[PDB]
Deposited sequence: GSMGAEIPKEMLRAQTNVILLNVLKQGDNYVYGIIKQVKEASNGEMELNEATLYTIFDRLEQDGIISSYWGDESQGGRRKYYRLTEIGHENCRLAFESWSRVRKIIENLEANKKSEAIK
């Protein structure tokens, strides 16, 4: 289901960058091995997603320093505190669900 699959991919990419700065090919590798081979992302999809996330200030990119230079992507302080805010807001929502279950 394309929109959910897209949002899922977004959550996974955002988490990879929460782990630490990375570059496209390494991201794809880490996802392949973390998904035990079931999610092989194509670089083109990463590119559309990162163009939007960096125009929206959630990630930024810099040129890494062998022969190089790998374009690295990082999560910005904006994206980090957005993750924080979201997690808090949604765990509030999660408590409400638990409470609705009881009453």
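Gaps between the deposited sequence and the modelled coordinates occur at 1-7, 73-74, 113-119, listed in sequence order.
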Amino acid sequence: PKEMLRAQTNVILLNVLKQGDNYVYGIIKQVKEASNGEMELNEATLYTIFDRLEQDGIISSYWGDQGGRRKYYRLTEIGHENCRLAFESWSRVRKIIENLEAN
From here on, numbers count along this sequence of modelled residues.
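The PDB entry records a higher mean C-alpha B factor for 66-74 than for its counterpart among 66-74 and 50-58. Annotation for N22, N10, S91, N82: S91 ranks highest, by Cα B-factor. When the modelled residues of the chain are ordered by their C-alpha B factor, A44 lands in the lowest third.
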